[PDB]
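1. 3D, please:
(one chain, ligands or ions: 2)
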Amino acid sequence: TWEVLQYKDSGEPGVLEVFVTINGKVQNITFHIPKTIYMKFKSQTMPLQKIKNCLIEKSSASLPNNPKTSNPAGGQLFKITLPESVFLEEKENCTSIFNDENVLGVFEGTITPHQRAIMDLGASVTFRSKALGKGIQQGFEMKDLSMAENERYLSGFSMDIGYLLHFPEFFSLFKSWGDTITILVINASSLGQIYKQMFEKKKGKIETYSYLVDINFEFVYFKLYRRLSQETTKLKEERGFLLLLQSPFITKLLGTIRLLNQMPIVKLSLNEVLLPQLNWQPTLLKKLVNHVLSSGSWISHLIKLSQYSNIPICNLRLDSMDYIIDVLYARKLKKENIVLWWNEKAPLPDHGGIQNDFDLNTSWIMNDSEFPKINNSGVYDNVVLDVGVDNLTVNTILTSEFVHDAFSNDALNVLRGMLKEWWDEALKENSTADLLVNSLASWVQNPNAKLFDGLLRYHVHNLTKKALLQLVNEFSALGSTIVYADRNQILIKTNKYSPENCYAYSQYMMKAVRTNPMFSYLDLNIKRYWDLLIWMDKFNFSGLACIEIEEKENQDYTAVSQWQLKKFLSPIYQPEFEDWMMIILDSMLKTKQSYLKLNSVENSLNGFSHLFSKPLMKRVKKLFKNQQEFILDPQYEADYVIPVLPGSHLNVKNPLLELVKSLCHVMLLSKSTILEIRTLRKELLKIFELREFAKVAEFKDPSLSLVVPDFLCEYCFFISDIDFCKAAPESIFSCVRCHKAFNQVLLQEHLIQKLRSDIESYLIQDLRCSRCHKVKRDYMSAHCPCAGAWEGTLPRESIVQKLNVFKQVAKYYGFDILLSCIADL
Ligand SMILES: [Zn+2]
Ligand SMILES: [Zn+2]
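-> Numbering: from 1, shown residues only. Ligands and ions are numbered 1, 2, ... in the order given. Provided below are the atomic coordinates:
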């Protein structure tokens, strides 16, 4: 029984070395692992070439279901296990088994012996030879003697540590058993005071993790760049000890220092560190001191994760949570009869070489990430409940030959059982299982993780959409009206009128929804209660809301107003807008309260425009007169300047016209007092020399939309869309729940990916006839057999407008990568 610290392949094929903890100190052992591949060689009779030393057997493993691969053809799959060296010298010649006729492809040729060892053997390896000397002088073979013992506790750790860092010439070193600090090319006092300060700040953590790492030390700030090798040599011939390295140039520092390859290393890469160009010393002191005094917590977390996941400590990382998913899922599939389709250095599943070819179906299922939503605009006097839904994806996963687009059902059941046991273990006080469940969704989304298949992602997305529509159906079964629907927020209209009377009722819908077996794992929460709502859009609403209904006391009512429409008005009329909107909201609240006092038409709101009609008429007359008098003056031209914003497309002249158009369009959403609003609109338009149904008096959307689907916040595993045009600032650059700033070049890269996907989709579109809407079924034909000529399903003007709005977006903010992408066309 040995606790393995690291697995590492040698420069020889199939030869591996392990830094392992022998019963004494650390020690290194050389291994040998043969290769194993999956082949579809000939139909049923093959040129075996049995003289070559290999083990050949016909198997019946479960192959992946490629959408392009519709013909089973031959089915005599073969498992081939074969030492790597003979594979290398047989790759040289052409007349060999691996390259012959009717070779459909190899399925497990991209799995290194390192990965096979780390999955099948694990960290808890032992021997049952019952030749130890002969096997220790040489490399001991694995495939004949192999078994994994239990790993409940890895080891009782008591051993020194290493610490090498770099901040883009801030190379740093520290020894746990040493007592000196020297930094490569006021500072000493700051270092001492900061060390003491955070010492008292984290006394508790220091005391708890002292048994892992344990104190003041000297300070120094030192041609000079050759000292890394000398220090590494001093440490190497002074101690055997584990290296903690932190730098954005991991491989560069590994290659520059030749001695770093002879000890096990635990890596703590947290890159993207920058200097503020001034007073970098205090912040760098903060960074180094927090890293040093949190190293104990870091190594404790790594020890927990390693001794739970059966993974060596040097192969793990704090952010490499997808690695555990991959390891566990791969080993459970290997215990099954399913090929792993494991892939390396490529974010695509391995299919035997077929995946290299372009295909229409795969490309269509790759870029179809749009999530639809439901929005029923209108004016509501009833109470509305604002709720949020959580853990939707995991509930969807756990809940629920002919179809060529299907994802393998055996893998789906395997992962469903894996997630079920994960949930069961997480319920019984397991933080690791909780974090793993939280990161499962991000593992599903991210193509960077191995064992990733676009078919699985499309399957999960379609299932999520179906589950959401089923939830909408269940909600609408009772007395309800869905106003807004989304992956994160749902607005429900309540049939009642008073918020105080919806306590038990809302609790009853909550309980009934939760008890449904389809929605057993959903988490639902109530955020706000709406007394009076004017809802037309997610970014455009205003009304009176109460946070939570209280007992025996009148609730606190606060008015809110979110309106990007006001941002497109003239600078001098926005005060008029914000005044008159509040006035009309007050009048609406007054008339609803009066109607409730008294007791498709509703009398709660009928008769509200009568309160403010005459003052509005006089105010509009005065505003028109003043605009007429002061529009041509030079010094008054500042306040009449029409603002420009990204996504704007309307060119228009008179601001007062758009002011009154927006004011009337807000009222028009009543859907029950249409005639009164139309009469008032005609009366207002009579002040101008316009008519009731003129084209100039029609309100439109002053802004376009540019939505990016499923942006991921790593700090929350939070998934949401983001609109670059309609949304207000200081929200594009930060998460919705947490206030963490987003990376910018990531935003530009995602925008460019969206643009290129749009262009490709336009390029690969289909053709449709004019009179009949049948699709083109010939590669070359003048026109339809009937009358009419072909037209594209994707109009040119749409993509032209999309590129125009992309240009506007790239011009408003500073996005030089996107501008370079545009200029290359
Ligand atoms: Zn966040
Ligand atoms: Zn036709």
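2. Using the three-state scheme, assign residue 680.
-> Three states are possible here, and by DSSP: H, G, I helix; E, B strand; the rest coil the one that applies to residue 680 is helix.
3. please renumber so the chain begins at 39
-> From this message on, residue numbering opens at 39, which makes the last subject residue 718.
4. How about it: what's its closest non-neighbour residue?
-> On the basis of Cβ to Cβ, 6 or more residues apart in numbering, the spatially nearest residue to residue 718 that is not a chain neighbour turns out to be residue 647, at 5.7 Å. Backbone N, C-alpha and C define where each C-beta goes, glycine included.
5. Contact partners for the one you found?
-> Counting by Cβ atoms under 8 Å, 6 or more residues apart in numbering, residue 647 makes contact with 622, 625, 705, 711, 714, 715, 718.
6. Counting neighbours, what do you get for the third one?
-> Residue crowding around residue 705 was assessed by other Cβ atoms under 10 Å; the count is 21.
7. tell me the phi and psi of the most centrally placed residue in the chain?
-> Nearest to the mean C-alpha position of the chain, counting by Cα atoms, centre = their mean, stands residue 750 at 2.6 Å. The phi and psi values for residue 750, taken as degrees, to the nearest 10, are phi -100, psi 130.
8. bridging residues for it?
-> With beta bridges defined as DSSP bridges, residue 750 has these partners: residue 757.
9. In this structure it contacts residue 480, no?
-> Yes - look at residue 750 against residue 480 with Cβ atoms under 8 Å: they come within range, at 6.2 Å.
10. Name the residues of the stretch 39-188 of the chain found near ligand 2, please.
-> With Cβ under 5 Å from the ion as the criterion, the stretch 39-188 of the chain does not meet ligand 2 at any residue.
11. what about the helices in the stretch 39-188 of the chain?
-> Across the stretch 39-188 of the chain, reading from the start of the chain, the helices by DSSP state H, counting those that start in this stretch fall at 122-128, 151-158, 170-175.
12. what's the longest one in contact with?
-> Translated: helix 151-158. Under the criterion Cβ under 8 Å, 6+ apart, external residues in contact with helix 151-158 comprise 45-47, 52, 54, 69, 71-74, 122, 180, 184, 186, 349-350, 353, 365, 368-369, 372, 380, 382.
13. How far off centre is the regular element (helix or strand) spanning residue 724?
-> With secondary structure defined by DSSP states H and E, residue 724 is part of helix 712-725. Relative to the chain's own centre, helix 712-725 is displaced by 49 Å; criterion: Cα atoms, centre = their mean, to the nearest Å.
14. again with stretch 272-289
-> Taking Cα atoms, centre = their mean, the mean C-alpha location of stretch 272-289 is offset from the chain mean by 33 Å.
15. quick one: contacts of it?
-> Under Cβ under 8 Å, 6+ apart, the answer for stretch 272-289 is 43, 63-64, 197-204, 206, 213, 291, 297-298, 300-311, 329, 333, 336, 351-352.
16. So which bits of that stretch are buried?
-> Residues of stretch 272-289 classed as buried under the neighbour-count rule (16 or more other Cβ atoms under 10 Å) are 273, 278, 279, 280, 281, 282, 283, 284, 285.
17. quick one, which of the helices of the stretch 39-188 of the chain is packed in tightest?
-> Across the helices of the stretch 39-188 of the chain, the average number of neighbours (mean count of other Cβ atoms under 10 Å) peaks for helix 151-158, which reaches a mean of 20.
18. Pretty sure residue 565 sits in a strand.
-> Yes - the secondary structure assignment for residue 565 places it in a strand, going by three-state DSSP.
19. and it, how far is that from ligand 2?
-> Distance from residue 565 to ligand 2, counting by Cβ to the ion, to the nearest Å: 53 Å.
20. That residue is in contact with residue 425, isn't it?
-> Yes - because the distance of 6.8 Å satisfies Cβ under 8 Å, residue 565 is recorded as touching residue 425.
21. higher neighbour count, those two?
-> Between residue 565 and residue 425, counting by other Cβ under 10 Å, residue 425 is the more crowded of the two (18 against 12).
22. how about that one, phi and psi?
-> The main-chain torsion angles of residue 425 are listed as degrees, to the nearest 10 and equal phi -130, psi 160.
23. What distance do you get for it to ligand 1?
-> Counting by Cβ to the ion - residue 425 and ligand 1 are separated by 20 Å.
24. And residue 108, by the same measure?
-> Separation of residue 108 from ligand 1 (Cβ to the ion) stands at 43 Å.
25. what's the closest non-adjacent residue to that residue?
-> Spatially, and ignoring its direct neighbours in sequence, residue 108 is nearest to residue 442 (5.8 Å; Cβ to Cβ, 6+ apart).
26. Could you do residue 181 as well?
-> Spatial nearest neighbour of residue 181, chain neighbours left out: residue 72 (5.5 Å); criterion: Cβ to Cβ, 6+ apart.
27. what does residue 424 give?
-> Here the nearest residue to residue 424 in space, its sequence neighbours aside, is residue 566; by Cβ to Cβ, 6+ apart that works out to 4.2 Å.
28. ChimeraX command to pick out the buried ones of the contacts of helix 151-158?
-> When burial is assessed using 16+ other Cβ under 10 Å, the buried subset of the contacts of helix 151-158 is captured in ChimeraX by this command:
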select :45,46,47,52,54,69,71,72,73,74,122,180,349,350,353,365,368,369,380
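29. State the pair within the buried residues of stretch 272-289 that is farthest apart.
-> Pairwise distances among these were taken by Cβ to Cβ; the largest, 22.8 Å, belongs to 278 and 285.
30. Let me know whether residue 551 touches residue 557 as I believe.
-> Yes - checked against Cβ under 8 Å, the pair residue 551 and residue 557 is within contact range at 5.8 Å.
31. where do the contact lists of these two overlap?
-> Between them, residue 551 and residue 557 have 509, 512 as joint contacts when contacts are counted by Cβ under 8 Å, 6+ apart.
32. Distance of the residue nearest to residue 312 when sequence neighbours are not counted relative to residue 669?
-> Setting aside the residues directly before and after it, residue 312 is nearest to residue 206 in space (Cβ to Cβ, 6+ apart), at 7.4 Å. As defined by Cβ to Cβ, to the nearest Å, residue 206 lies at a distance of 56 Å from residue 669.
33. Is the residue nearest to residue 565 when sequence neighbours are not counted in a helix, a strand, or coil?
-> The shortest distance from residue 565 to any residue other than its chain neighbours is 4.7 Å, reached at residue 424 (Cβ to Cβ, 6+ apart). Under three-state DSSP, residue 424 falls in the strand class.
34. Against residue 198, how distant is residue 424?
-> Residue 424 is 56 Å from residue 198, where distance means Cβ to Cβ.
35. same deal with residue 50?
-> When distances are taken as Cβ to Cβ, residue 50 and residue 198 turn out to be 31 Å apart.
36. Then residue 753?
-> Look at residue 753 and residue 198: by Cβ to Cβ, they are 33 Å apart.
37. what's the answer for residue 125, then?
-> Using Cβ to Cβ, one gets 41 Å for the distance from residue 125 to residue 198.
38. again, but for residue 481
-> According to Cβ to Cβ, residue 481 stands 35 Å off from residue 198.
39. quick one: which of the contacts of residue 647 is nearest ligand 2?
-> Sorting the contacts of residue 647 by how near they are to ligand 2, with Cβ to the ion, puts residue 715 at the top with 45.3 Å.
40. Any idea how many residues pack against that closest one?
-> Residue neighbour count, defined by other Cβ under 10 Å, stands at 18 for residue 715.
41. and what of residue 188?
-> 8.
42. Give the full set of residues in contact with it.
-> Contacts of residue 188 were listed using Cβ under 8 Å, 6+ apart, and they are residue 162.
43. and if you look at residue 604?
-> Remark: with contacts taken as Cβ under 8 Å, 6+ apart, residue 604 is in contact with 612, 615, 616.
44. do residue 575 as well
-> Contacts for residue 575 (Cβ under 8 Å, 6+ apart) come out as 413, 415.
45. switch to 10 Å and redo it
-> Residue 575 makes contact with 413, 415, 522, 600, 601, 602, 603, 739, 764 under the criterion Cβ atoms under 10 Å, 6 or more residues apart in numbering.
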